[PDB]
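Everything on this sheet refers to the single structure shown next.
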Amino acid sequence: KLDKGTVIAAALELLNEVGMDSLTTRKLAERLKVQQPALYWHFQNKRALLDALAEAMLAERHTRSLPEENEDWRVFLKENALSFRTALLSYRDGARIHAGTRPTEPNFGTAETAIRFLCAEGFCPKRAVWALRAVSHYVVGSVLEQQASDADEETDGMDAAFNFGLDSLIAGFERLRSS
Amino acid sequence: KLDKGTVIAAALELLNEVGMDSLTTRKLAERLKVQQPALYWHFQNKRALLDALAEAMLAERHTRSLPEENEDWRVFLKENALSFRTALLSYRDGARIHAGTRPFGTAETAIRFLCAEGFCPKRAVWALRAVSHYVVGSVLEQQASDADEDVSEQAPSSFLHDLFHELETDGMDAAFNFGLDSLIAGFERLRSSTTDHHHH
Ligand SMILES: CN(C)c1ccc(O)c2c1C[C@H]1C[C@H]3[C@H](N(C)C)C(O)=C(C(N)=O)C(=O)[C@@]3(O)C(O)=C1C2=O
Ligand SMILES: CN(C)c1ccc(O)c2c1C[C@H]1C[C@H]3[C@H](N(C)C)C(O)=C(C(N)=O)C(=O)[C@@]3(O)C(O)=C1C2=O
Ligand SMILES: [Cl-]
Ligand SMILES: [Mg+2]
Ligand SMILES: [Mg+2]
């Protein structure tokens, strides 16, 4: 009866209310109106659930995972970074939930497509990987800072700061794509 | 009664043992061998303590806060970023505790420095903030990865398997350095650009 899709859907809703710190097995089980073992069947620990949410957030919101036809690689990385940022900001503690996670089997497929697309535009395999990792780290760090300050007590400044750092990061890749 | 510096020192000590989540008022009072009211005298809540820890980490480990005499602004930003990274890496949940903290004298001094190196006041702010966000992001993911328990072994394709096997002879410093060098190389170009690079 209770499928993995329904659990994730209920968990993302509950996450936005309580946050990742207050999100527990009992709360999610009570929200789904099931006993804890039915939920434990899907996720044996909190980290396993948060990993599934991290994947779900991108699957739902992260629209620009892959390069489009006749898209400049600089435009792709900007749109990819903005799309990734939007996905983390869409849910409470999105950046902190994403932190430490390694790509899933599909994400490795999309990552390889990104790496090969950059390699075709003059990047060396190593500097393509570092560029994509550097962008993801920059976004996670920017979103964490935004979500951290919002949790406590100028968003125009964060938006302007993010866009300038992202454009700078891409402008830098142009020069340092290959030795 | 104990001074604010002694509580902060003891709190930094516990942080590296138990972590942010386990850093309770009981543990800190038991460590200092005092009653809990003694702690509440200095810090009314945990966020106030974590704000003090965030500053204390930089005061302790962050050595390159200001540029040296006749130091190139690009060299400063790299050494400043590496010094800031070192400070956050030296403490459990370092990047996580820093996140959300806002300035002030040293921050304003760094803005005026870049402002004298072909930056515009807004872009000087954005540049400094952007660097800190890249470092906070890099440290958070590394600290999260080390706390939550190989990338070459998971890779389903031969291309990624072989590539990650080579990148495991470079180190994590190589990856961070490239992103930092790219970020600063970007500033060098976009600091005096007439195009809008803070929108879209
Ligand atoms: C394969 N590859 C280079 C790695 C290796 C280790 C990693 O820890 C990661 C990657 C890929 C990058 C790609 C980036 C990509 N982007 C540059 C923002 C991205 O759009 C995605 C995505 N799901 O499309 C990521 O997963 C991503 O955020 C990510 O989480 C990564 C990531 O964490
Ligand atoms: C005024 N100014 C530009 C702001 C505004 C909002 C902010 O949220 C911040 C700054 C300064 C920047 C400076 C950077 C600096 N650097 C680029 C790494 C830095 O070295 C320091 C430092 N204490 O030396 C920071 O606090 C800093 O990491 C930081 O946390 C900042 C920060 O969080
Ligand atoms: Cl190389
Ligand atoms: Mg990631
Ligand atoms: Mg800061």
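A note on names: the letters A, B, ... follow the listed sequences, proteins ahead of strands, and every chain is numbered from 1. Indexing begins at 1, ligand by ligand and atom by atom, following the structure's order. These values consider heavy atoms only, across backbone and side chains, with no hydrogens, waters or symmetry-generated copies.
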**OP:** For the pair B/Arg64 and B/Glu71, find out whether any cationic side-chain nitrogen is under 4.0 Å from an anionic carboxylate oxygen.
**Re:** yes
Subject >> No-hydrogen, no-angle side-chain donor-acceptor test under 3.5 Å, A/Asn107 and A/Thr104 >> reply: yes
Original post:
Quick one: side-chain hydrogen bond (donor to acceptor under 3.5 Å, both in side chains) partners of A/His42, sequence neighbours excluded?
Top reply: none
Original post:
What protein heavy atom is closest to atom 24 (O) of ligand 2, reported as residue, atom name and distance in Å?
Top reply: B/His62 NE2, 3.0 Å
Original post:
Between A/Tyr138 and A/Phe162, is the gap from one ring center to the other below 6.0 Å?
Top reply: yes
Original post:
Which protein non-hydrogen atom lies closest to atom 25 (C) of ligand 2, naming both residue and atom, and how far is it?
Top reply: B/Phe84 CE1, 4.8 Å
**OP:** On the 0 to 90° scale, with breaks at 30° and 60°, tag the A/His98-A/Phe84 ring pair as parallel, tilted or perpendicular.
**Re:** perpendicular
**OP:** Within a distance under 4.0 Å of any heavy atom of B/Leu58, pick out the atoms of ligand 2 and give their elements.
**Re:** 23 (N)
Original post:
Is the closest side-chain donor-acceptor distance between A/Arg61 and A/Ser90 under 3.5 Å?
Top reply: yes
Original post:
Which of parallel (below 30°), tilted (30 to 60°) and perpendicular (above 60°) describes A/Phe108 and B/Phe164?
Top reply: tilted
Subject >> Pick from B/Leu114, B/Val136, B/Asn80: the one approaching atom 15 (C) of ligand 2 most closely through a non-hydrogen atom >> reply: B/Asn80
Subject >> B/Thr106 and B/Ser65 side chains, donor-acceptor separation under 3.5 Å >> reply: no
**OP:** Number the atoms of ligand 2 from 1 as they appear, then name those within less than 4.0 Å of a heavy atom of B/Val125, with their elements.
**Re:** 3 (C)
Original post:
Who's closest to atom 13 (C) of ligand 2 heavy-atom-wise, of B/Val131, B/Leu66, B/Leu88, B/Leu128?
Top reply: B/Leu128
Original post:
Please state which protein non-hydrogen atom is closest to atom 8 (O) of ligand 2 and give its distance, to 0.1 Å?
Top reply: B/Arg102 NE, 2.9 Å
**OP:** Identify the protein heavy atom lying closest to atom 1 (C) of ligand 2, giving its residue, its atom name and the separation to 0.1 Å.
**Re:** B/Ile111 CD1, 3.8 Å
Original post:
Would you call B/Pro103 a ligand 2 contact, heavy-atom distance under 4.0 Å?
Top reply: yes
**OP:** Heavy-atom contacts with B/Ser65 under 4.0 Å: which atoms of ligand 2 show up? List them by number with element.
**Re:** 24 (O)
Subject >> ligand 2 contact on B/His98 by region, counting heavy-atom pairs under 4.0 Å >> reply: side chain
Original post:
Considering only protein heavy atoms, which is closest to atom 29 (C) of ligand 2, and at what distance to one decimal place?
Top reply: B/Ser132 CB, 3.8 Å
Subject >> Side chain, backbone, both or neither: B/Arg129 near ligand 2, heavy atoms under 4.0 Å >> reply: side chain
Original post:
Between A/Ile170 and A/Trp73, what is the shortest heavy-atom contact and its length?
Top reply: O-CH2, 4.2 Å
**OP:** Could you find the nearest protein heavy atom to atom 33 (O) of ligand 2 and give me its residue, atom name and distance?
**Re:** B/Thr101 O, 4.0 Å
